[PDB]
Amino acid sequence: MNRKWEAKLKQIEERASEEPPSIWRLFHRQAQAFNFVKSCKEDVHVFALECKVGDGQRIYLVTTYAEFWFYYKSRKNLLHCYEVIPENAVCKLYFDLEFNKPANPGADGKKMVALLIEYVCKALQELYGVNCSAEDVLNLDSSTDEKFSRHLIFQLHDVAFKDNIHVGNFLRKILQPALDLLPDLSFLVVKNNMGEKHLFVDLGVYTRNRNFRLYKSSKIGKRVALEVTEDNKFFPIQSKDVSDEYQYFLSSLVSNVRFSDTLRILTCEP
């Protein structure tokens, strides 16, 4: 309720101011886009598009995964797109990983990713009995000369988290040995620009309706798009009916939890 009231209170504050089957609908307000989704029989999802302005202004788009990919895959249009991870929606385990390269000259980013996956896979086994390995982790890279940047999206067989807030509670729980510095989790500690210690794992992405940059999109002011990392070990099952790139796209979507008649939903309370 405390979270539902504050959101609805922004709606009252904002209130102060034949053909082929297709569902391409744009909205200025995120709440309007979700109101349309609930009022829509098809399986549509909310995307966020960065506006040309240098700020973080966003315009929200509702459509199906398939139609979005159709108009998105050429990378000629819809640059700088984000997935809106809906609050209270089941979601995959995912990570935002970063550190300043000049400020961490000794750090081996590739090694840190493998160690993190190893530890997270142990925690999933000890706390939930879930078995997985690096072969289940989609590894996306957006690194620059200055920044080591990865997105990991776990592809767990018939398993998902209740919502992305629970993902955050799970990570805060198992990374507590590392947060205390700010099990031996010293490898996660990195320096920011100002020499202030931080964790390699960005915990700020587990918030309600978090935007999460799409596979093959870049930030508005930049040119580096998220692409599959060379050391990626998750390979989707190939199908004669869909392209491999579409399969990677669907795997990369945090909110695109594979339908299963034996799905287990993992919760983690604060």
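Each residue number is its position in the shown sequence, starting from 1.
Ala16 is a gap in at least a third of the other entries compared, counting only those with both neighbours built. Counting the deposited residues that fall between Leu182 and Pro183 and carry no coordinates gives a value of 10 or more. The entry shows an unbroken chain from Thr262 to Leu263, with no unmodelled residues of the deposited sequence in between. Looking at mean Cα B-factors across 35-43 and 228-236, the upper value is held by 35-43. With 44-52 and 201-209 compared on mean CA B-factor from the PDB entry, the stretch scoring higher is 44-52.
Within the selection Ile220, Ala66, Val242, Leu214, the deposited Cα B-factor values reach their highest point at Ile220. Note on the listed residues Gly109, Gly129, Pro177, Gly168: the highest Cα temperature factor in the record is that of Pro177. Among all modelled residues in its chain, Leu124 ranks in the middle third by Cα B-factor.
Compared with the other modelled residues of the chain, the Cα B-factor recorded for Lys191 ranks in the highest third. In the PDB entry, a CA B factor belonging to the lowest third of its chain's modelled residues is recorded for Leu266. Among the modelled residues of its chain, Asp145 has a C-alpha B-factor that falls in the highest third according to the deposited record.
Per the PDB record, residue ranking by Cα B-factor puts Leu116 in the middle third of the chain.
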